[PDB]
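The chain is numbered in sequence order, starting from 1. No hydrogens, no waters, no symmetry mates; every other heavy atom, side chains included, goes into these values.
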Amino acid sequence: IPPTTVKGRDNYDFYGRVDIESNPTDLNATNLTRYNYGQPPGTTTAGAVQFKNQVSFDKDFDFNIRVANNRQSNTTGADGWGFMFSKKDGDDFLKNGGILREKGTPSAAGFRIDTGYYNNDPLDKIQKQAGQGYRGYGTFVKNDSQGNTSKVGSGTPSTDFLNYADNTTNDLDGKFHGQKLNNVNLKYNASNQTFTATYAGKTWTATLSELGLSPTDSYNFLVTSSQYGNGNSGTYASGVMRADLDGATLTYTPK
Ligand SMILES: [Ca+2]
Ligand SMILES: [Cl-]
């Protein structure tokens with residue numbers, strides 16, 4: 001079987017607090033997939049789109065999607081993005097969590113673009129997330145067989161750091177602006193058993209061993225976001241996170 005590349009909304013199931021924003025006012029785009037709209041932070045403020053067919057790590061995988069982060073502080077906005085492999089589905093993600101906190105569904109792994117501070121997350125402490133502006137980070141993570149999340153693969157706090165938004169409105173400066181649509185590339189090279197993620201001009205690397213995933217078992221792939229809340233002060237904003245799912249590309253090899 002040769003690889004195929006698919007594109008289109010119809011290739012994904014929608015779970016939880018995810019919808020389509022037909023006509024964004026602030027982005028050059030239509031029909032964006034939108035997370036965390038119309039609901040305050042809490043246990044159920046989470047969403048996933050799940051590719052309808054399974055992948056396995058005997059074969060290459062390549063996924064590209066443009067994402068646009070909320071232009072909201074890390075104490076008011078969303079938790080981030082989790083590009084997650086799981087043997088279970090989007091309902092299991094809604095029940096048990098993902099890869100954006102300290103614990104989620106067991107034996108999942110993937111790439112985390114972290115945009116939200118949580119007072120009980122030890123990785124947010126390591127990564128120096130607390131503070132002003134739009135402080136976040138990228139990294140691979142895995143959930144162990146209990147669900148506990150840990151950083152895996154390349155990076156240090158200094159190199160993982162990224163400003164996930166800014167206050168500018170210019171399209172001429174040659175700079176990254178995380179509130180605009182910017183591609184995320186997540187790929188897996190079966191020949192060297194290595195996952196690569198790129199975003200914001202930065203790269204991260206992790207082996208299959210480091211992610212803890214099976215070399216042969218079938219996995220689902222989910223694009224997740226959430227806004228679970230950081231305490232109960234009532235200080236929050238919309239947490240709206242958007243992705244061009246209709247324009248995304250996913251390359252895999254069907255059985
Ligand atoms: Ca965080
Ligand atoms: Cl449509």
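- Side-chain N/O atoms of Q72 and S238 include a donor and acceptor closer than 3.5 Å.
- Hydrophobic cluster membership differs between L181 and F63, with clusters built from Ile, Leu, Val, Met, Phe, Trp and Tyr side chains linked at under 4.5 angstrom.
- Remark: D121 pairs with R112 by the salt bridge (charged side-chain N to carboxylate O under 4.0 Å, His left out) rule, at least two apart or across chains.
- Taking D62 as the reference, nothing meets the salt bridge (charged side-chain N to carboxylate O under 4.0 Å, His left out) condition, with sequence neighbours excluded.
- Evaluation of the salt bridge (charged side-chain N to carboxylate O under 4.0 Å, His left out) rule for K52 yields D13 as partners, not counting sequence neighbours.
- Judged purely by atom type and a 3.5 angstrom limit, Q179 uses its side chain to pair as donor or acceptor with the backbone of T168.
- For the residue pair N183 / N64, a side-chain donor-acceptor distance below 3.5 Å is found, with atom types taken as modelled.
- Note on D124 versus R101: no salt bridge recorded, every NZ/NE/NH1/NH2 to OD/OE distance being 4.0 Å or above.
- Ring pair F176/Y199 is perpendicular by interplanar angle, where above 60° counts as perpendicular and below 30° as parallel.
- In this structure, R242 contributes its side chain and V67 its backbone to no donor-acceptor pair below 3.5 Å.
- Looking at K7 and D246, no side-chain N of the basic residue comes within less than 4.0 Å of a carboxylate O on the acidic one, giving no salt bridge.
- There is no side-chain donor-acceptor pair under 3.5 Å between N120 and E102.
- Within a 6.0 Å radius of CG in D10, other residues, nucleotides and ligands contribute 12 heavy atoms or fewer.
- A cation-pi arrangement is not found for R71 relative to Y134, the charged atom failing to lie both closer than 6.0 Å to the ring centre and inside a 45° cone about the ring normal.
- Among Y252, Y188, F221, the single residue meeting the ring-ring contact (aromatic ring centres under 6.0 Å, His included) criterion with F57 is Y188.
- Cluster partners of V141, using a side-chain heavy-atom cutoff of under 4.5 Å among ILVMFWY residues and allowing indirect links, are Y15, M84, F93, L94, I99, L123, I126, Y137, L222, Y228.
- With hydrogens and angles left out, the side-chain atoms of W204 and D160 include a donor and acceptor closer than 3.5 Å.
- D217 and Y219 form no side-chain donor-acceptor contact under 3.5 Å, judged by distance and modelled atom types alone.
- A donor-acceptor contact shorter than 3.5 Å is absent between the side chain of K187 and the backbone of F195.
- Every residue two or more places apart in sequence or in another chain was checked for a ring pair (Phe, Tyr, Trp, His ring centres under 6.0 Å) with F161, and none qualifies.
- The ring pair (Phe, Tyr, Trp, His ring centres under 6.0 Å) search around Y236 returns none, not counting sequence neighbours.
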